[PDB]
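Next up: just one chain, as C-alpha cells, the form deposited in one PDB entry.
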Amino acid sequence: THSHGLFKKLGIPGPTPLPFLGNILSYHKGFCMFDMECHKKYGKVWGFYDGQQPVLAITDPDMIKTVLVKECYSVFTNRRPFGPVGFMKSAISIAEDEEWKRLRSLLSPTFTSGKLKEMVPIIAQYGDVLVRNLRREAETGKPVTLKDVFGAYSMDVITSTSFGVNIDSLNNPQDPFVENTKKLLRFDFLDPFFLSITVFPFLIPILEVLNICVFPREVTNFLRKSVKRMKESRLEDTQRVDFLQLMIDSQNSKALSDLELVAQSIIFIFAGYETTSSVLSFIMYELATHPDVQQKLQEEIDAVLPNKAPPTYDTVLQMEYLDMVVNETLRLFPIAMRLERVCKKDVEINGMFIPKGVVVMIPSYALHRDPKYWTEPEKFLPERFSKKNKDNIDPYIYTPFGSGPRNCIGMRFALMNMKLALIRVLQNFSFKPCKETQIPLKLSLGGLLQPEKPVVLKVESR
C-alpha cells in the first residue's frame, strides 16, 4: 500500500507485508517468538509493518546506544502511542517531549537512593505479612500459585508506598483500594482491542471523543477522588515517605498540577502491581528447578542476616548472589520484551538513514537469548553475573530496564522491593516443584511475557 515500500527503498530486509495488515499475522507466535526468528533470518537490522506503521529493528550495541542515550533528547524522545489515553496523557510514561522532560525532572528526586532507603522499613512490614499468608498456604499441604501470593504482596507494597493505606490484601479483599487496583493489569497488545488500533490508528482519536479510556474509567475516577481526600486529610491532619507526599511537598517548591499528580500516582500502581509479581513468580520458578541456586542463595541470606535477621538497604546491596539471581531471571524473562522510540526527524545513525515517523525498536527478548553474546542461552545459569563476568556483558544488549534518560525511573525501587521479598521468604521457606508445575515452562503467545500456566509450587517450612 502507501507506506509499505519504505523499507524497500532503503535496502532493508524483512518479511513481506500484506496490504492493510503489514506483518501483524506474524504475531501468531507472539512478540518474542517473532523477534527471535527475524533476528535469525535477517541478521542485525531488519524491519516490518504494524499495519501501516513501519518498525525498524536494531541490534548493534552502538546503534542502540545512539537511539536510547546519545540522540535521545534530539530525535528518539518518545514512544509509540498505544491507544486512547484520556486524562492520563499527563503520565510520565505517556507524556512526550517537553511535558515528559518537565515531568521527569519533577519526579526524579522521588526515586533517589536516599528516598529509597527511607522506604525500606515500610516495605519490610509486608514481607512479614507475606510470610504469614505463606505459612498457612504451606501448612495446607497443597501447591500454591505464586502470582496470587506475590500479587497480594506487590499490592500491599504499592498501597503503602504510593499512599498511607496499610492493608492485608490477601486476607481483606474488600477494601476499595485493593478492589479497583487489582484491575490495573498489563496491556495485552495482541488482544482484539490493541491489534485493531495498531492496524487502525485512525480509530484512536475516535475512541478519545467517546471518552473510552484505555484504563478502566471506574478505577481512574475513584483514584482521582481517593487522592483528593487523602490530600485534604493530611492537610487538616498535619503530622513522611509516600510517593503522594513526595509529590505534594514538591508542588509547593515548572509546577506539577493536581490532575498530573493523580496520573503519576496511577502510573506507579500500573507499573508496579502486575510487573513485580510476575518477575517474583519467574524468579521462584527458577529457584525450584535449580535447587543449587536456591541453596547458595539461602546460605548467603543467612550469612549476611543470621538468625533470619531483618534486611536493610545496606545489607540488601551487600548480597551478591541475590543480585545475580534477579539479573539472570530478567535476562531470560524481560517483561518489556521490546524497547521502542519514535524517530522525530530525518537522522542518520551509525551509517543508517532513519526517516521521520519510523518506530525504532530494540528486541530485548531476542538479544537476551541471542547466542552471539550468551553461551547456552536457554539454560538458567546465574553465574553470568558474577563480579568477574559482570563487566563482560554489553549494557546495550542486556536491557531489562531500558537505558538512557527514558529508562525505568523506578528501577532501584523495583529491585529493592523484589529483593526484600526474596530475602524474607527464602530465609523462612523452601520451594519444591510439585506435579502441577510445568517443567518446560511455556511462555504465552500473546502480548505479555507471562507463563502459559500459572506457576504453582510446593512450599515447606524450614
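Throughout, rigid core stands for the largest set of C-alpha atoms superposing within 1.5 Å between the two forms. Position 1 is the first residue in the sequence shown; the rest follow in order.
Not on display, but discussed next: the form deposited in another entry.
Which of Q294, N327, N78, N180 has its C-alpha displaced by 2 Å or more between the shown form and the other one after core superposition? The one that moves 2 Å or more is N180.
Using the core for the fit, does the CA position of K387 change by 2 Å or more between the shown form and the other one? Comparing forms between the shown form and the other one, the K387 CA shifts below 2 Å.
2 Å or more on the CA of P216 between the shown form and the other one, with the rigid core superposed, yes or no? Yes, because once the rigid core is superposed, the C-alpha of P216 moves 2 Å or more between the shown form and the other one.
Once the core is aligned, does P192 move its Cα by at least 2 Å between the shown form and the other one? Superposed on the core, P192 moves its C-alpha 2 Å or more between the shown form and the other one.
Quick one: in the other entry, is the Cα gap between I24 and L185 smaller or bigger than here? Answer closer or farther; it shifts by 3 Å or more. Nearer in the other entry, by 3 Å or more.
Are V129 and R186 closer or farther apart at the Cα level in the other entry than shown, by 3 Å or more? Relative to this form, farther apart in the other entry.
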